[PDB]
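Worksheet: one structure, shown below.
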Ligand SMILES: CCCCCC(=O)OC[C@H](COP(=O)(O)O)OC(=O)CCCCC
Ligand SMILES: CCCCCC(=O)OC[C@H](COP(=O)(O)O)OC(=O)CCCCC
Ligand SMILES: O=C1CN(c2cn[nH]c(=O)c2Cl)CCN1CC1CCC(F)(F)CC1
Ligand SMILES: O=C1CN(c2cn[nH]c(=O)c2Cl)CCN1CC1CCC(F)(F)CC1
Ligand SMILES: [Ca+2]
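Residue numbers (PDB author numbering), protein chains in the order written: chain A, 187 to 272; chain B, 187 to 272, 284 to 317, 324 to 659, 696 to 732; chain C, 459 to 659, 696 to 732.
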């Protein structure tokens, strides 16, 4: 009954979820909740084809957040534990 | 009495008028007073050709102001009221008329257009559903034209279906055209102007329908706003050929009729020119498929970008033609004394054994043109006698022409288009969307509603609410950009 | 079938012939898969990938060119098909020592138009036994127009397209090459293949316990070190 409002609300919510601060505060596994959001946004940027640029950019920032979160390690065994966990 | 002062005063006044703040304060309809100023400045930048850059920039800022003023809406019905105010979407048609590009490539407006277009998946489903309609369009069009009721009559009336039907009709046209040249339906060549064949009958309705559609369109336009689109020019020149073919074929029908061999016909026999003209018409008719691909999403932008690089090539073929003329005029002088033609079976370059190429001016032009693609063998520049000096100077000129026109001039064409592609590609989608929107709006009315084969107070209250909408938009804009974005600029001394 | 019959006197579609042809095409594809081996090198990898990326920038183009080719072939067939000569010639077509009868059939016309790109079609094709020296000119005109369009105006635009796209792609070259190489490596780390094709025929509560500590340390370091420390490095404003 309201296309514009619904679309904009969806975009606002998704931009709210994909912010490094909020992820770091309230989340269990940062790495997963980053991957999931990246994939969901990337695929969703196809069914909606007017706000494509925003969704692509959001996926990209999720990618870079995940990388930088990985980077902050200072121990080999730390890294191996992170990469092995299932 | 004072050119400098007058020109500068004009420029100052026009820059004063085209400022978002002043427009927002003292104006009745922001949207109009933006369009009008944009058009006036754009056209005025042509008669005055010293301050061109300023006028172009001013037109651009007017365009962007109009777009941003549109953007500040937060209600679907708000948007529809804005676009409808003046039988439907009149203001958007006005924007299309005023070449206002950025205003139309707005995501909200695009969603509105898409929703009114599809009117209710994946590529396999879309493929099967798409191909399905073509295998049944004729009876569907029949159902509309005989029983315009809500059983099948509305189904065609939906735009997307109308577009599918017209595409299917055009594909049928090309199929019949391509089938025209089959020896199964080409009973015999040796006949002066025989009666039209079966395929020659089935073509005629499509020609008539296309002619009528172009007549309607030119009646609407009248050589104004109609000729500008190069596709319409192509349609005109492409229709004229078919008309001439019909007339001349009738002439041949009534003058000559016999079973005389094809070989022993004199030049300018009407049937021959009829066939040639028909073939050229076939080429132009088939070549108009490219215009169908603006409706795709992967090819559209690319097609437009190829479209833009033609003033970057036509301004070049001219120089090349000039060089070609100079060199042909040269090489004719050296040779024309050696016109051999001593009982040869053929003559010219268009023969198995090339001979006598550099004899006439026309022949020399032909040789020079074909030399580009390396289809001219070298032993042309040779004479029956042994004057082994002119044979060398001729070869020297020929080589110089080849160097100039294939290593020094063409590479510069490449290095020109290459640089222009970055100037253009930056503005690709903003323009592709405008083209696609024009294509769509061509269908939204009850005007054509038929494939060419089967072609033969009231507003005081509106003003009352519209003004409130305008007040809200201008308030939001003034508060949200010209104030809020000012407090984001870098410091200074 | 089994006999000692001469190779020359075999009818078309003899099974051995199509067998040889299919085997040869299979040989081409089999040999062509070496390029995929070079992602494991360091000097060629990135280059191979970058060539890999420019295929949606060419396939979206061969389509347009094919459309133009179809239009022009459909044109040139109309003009000529009345002159199908075939009066006892030893061969026929363009694939012969003396080219003849090129613009007769639709398929033949398509062949001629395709080969014309590389300049392997001699000019005297557009000529007929009779002396109708008007159609012989219009045919040459169409042929020349096709050559101009498809070799001076359309191909250069392919060049100027890929050229611009290379800078869009090359910026992201190693970040992608490394991913491809890593996938190639991970294809081998398991005890799955372990043989060349010729010779082919509580437990986790403690882990969660330590993993959570690692996560806490990482997130603490990140929050302190970037979203705080890098905020105090931005330029001034009004
Ligand atoms: C690149 C020069 C090589 C010299 C070869 C040579 O001596 O032959 C003369 C050539 C032509 O070759 P011939 O006529 O066969 O002698 O003249 C040029 O094309 C000059 C190009 C002029 C370009 C501006
Ligand atoms: C560059 C024009 C030189 C003129 C040469 C000439 O008169 O010959 C006609 C040429 C073809 O040469 P002939 O058929 O041999 O006459 O027509 C074109 O190719 C036009 C290209 C059309 C390009 C859009
Ligand atoms: O463009 C013309 C011009 N016409 C003429 C007129 N005279 N001669 C012609 O060869 C042609 Cl094509 C009528 C047919 N279309 C195609 C339209 C419907 C199908 C499409 F959406 F793909 C592109 C627009
Ligand atoms: O890629 C194929 C697919 N195969 C088939 C299957 N069927 N037909 C074929 O021609 C081929 Cl090559 C099996 C062989 N490899 C090569 C692999 C090992 C060697 C390499 F690391 F270089 C690249 C990967
Ligand atoms: Ca038209």
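Virtual Cβ for every residue (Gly too), placed ideally from N, Cα, C.
In terms of Cβ geometry, residue 621(B) and residue 621(C) form a close pair [threshold 8 Å]. Within the same chain, 571 come within 6 Å of residue 527(C) by CB-CB distance, once the 5 residues on both sides are set aside. Neighbours of residue 701(C) in chain A, taken as residues whose beta carbon is under 9 Å from its own, are 267, 270, 271 and 272 in chain order. Taking C-beta atoms as the reference points, residue 712(C) and residue 255(A) count as a pair closer than 8 Å.
For residue 523(B), the uninterrupted alpha helix (DSSP H) run begins and ends at 517-538, by DSSP. Chain-order list of chain A residues neighbouring residue 712(C): 255, 258 and 259, by C-beta distance under 7 Å.
Residue pairing from DSSP places residue 551(B) in a beta bridge opposite 558(B).
Per the Cβ contact rule, the stretch 459-472 of chain B is not in contact with the stretch 341-360 of chain B (fewer than 3 Cβ pairs under 8 Å). As the crow flies, the alpha-carbon of residue 187(B) is around 50 Å from that of residue 267(B). The beta carbon of residue 585(C) lies closer than 8 Å to those of 594 in the same chain, with the five residues before and after it left out.
Within the stretch 385-411 of chain B, 392 place their CB atoms closer than 7 Å to a CB of chain C, listed in sequence order. Taking a Cβ-Cβ threshold of 7 Å, none of the residues of chain B is close to residue 559(C); the smallest such distance is about 14 Å. Between residue 444(B) and residue 484(B), the beta carbon gap of about 4 Å places them in contact (Cβ cut-off 8 Å). Using a Cβ-Cβ cut-off of 9 Å, residue 621(B) is close to 614, 617, 618, 621 and 622 of chain C, given in chain order. Judged by their CB atoms, residue 384(B) and residue 539(C) are nearer to each other than the 8 Å cut-off.
Residue 553(B) sits buried, since 16 or more C-beta atoms from the chains shown fall within 10 Å of its C-beta. Those residues of the stretch 293-310 of chain B placed with their C-beta closer than 9 Å to a C-beta in chain A are 304, 305, 307, 308 and 309, ordered along the chain. In this structure, the straight-line span from the alpha carbon of residue 224(B) to that of residue 232(A) is close to 36 Å.
Contact between the stretch 246-262 of chain A and the stretch 212-222 of chain A is present: 3 or more CB-CB pairs across the two stretches fall below 8 Å. Taking the Cβ of residue 639(C) as the reference point, every heavy atom of ligand 4 lies at 7 Å or farther away. Of the residues assessed, residue 567(C) falls on the buried side of the cut-off, its CB having 16 or more other CB atoms within 10 angstroms. Cα atoms of residue 257(A) and residue 715(C): separation of roughly 10 Å, rounded to the nearest angstrom. Between residue 486(B) and residue 565(C), the CB-CB gap reaches or exceeds 8 Å. For the pair residue 376(B) and residue 409(B), the CB atoms are nearer than the 8 Å cut-off. Placement of the Cβ of residue 583(B) at a distance of 7 Å or more from every heavy atom of ligand 1 is found. Of the candidates 541(B), 605(B) and 561(B), 541(B) places its Cα closest to the Cα of residue 588(B). Shortest gap from the CB of residue 613(B) to any heavy atom of ligand 2: 7 Å or more. Ordered along the chain, residues surrounding ligand 4 are 488(C), 491(C) and 495(C) [Cβ under 5 Å from any heavy atom]. DSSP places residue 472(C) outside any alpha helix (DSSP H), giving it a letter other than H or E. Fewer than three Cβ pairs drawn from the stretch 384-396 of chain B and the stretch 356-363 of chain B lie within less than 8 Å of each other, which leaves the two stretches out of contact. Per DSSP, residue 222(B) is one residue of the alpha helix (DSSP H) stretching across 216-233.
DSSP, read as helix, strand or coil, puts residue 513(C) in coil. Remark: three or more beta-carbon pairs, one from each stretch, lie closer than 8 Å, so the stretch 300-315 of chain B and the stretch 633-641 of chain B are flagged as touching. Flagged as an interface residue toward chain B: residue 189(A), by a C-beta distance shorter than 8 Å.
Judged by the Cβ position, residue 602(B) qualifies as a neighbour of ligand 1 at the 7 Å threshold, a heavy atom of the ligand being closer than this.
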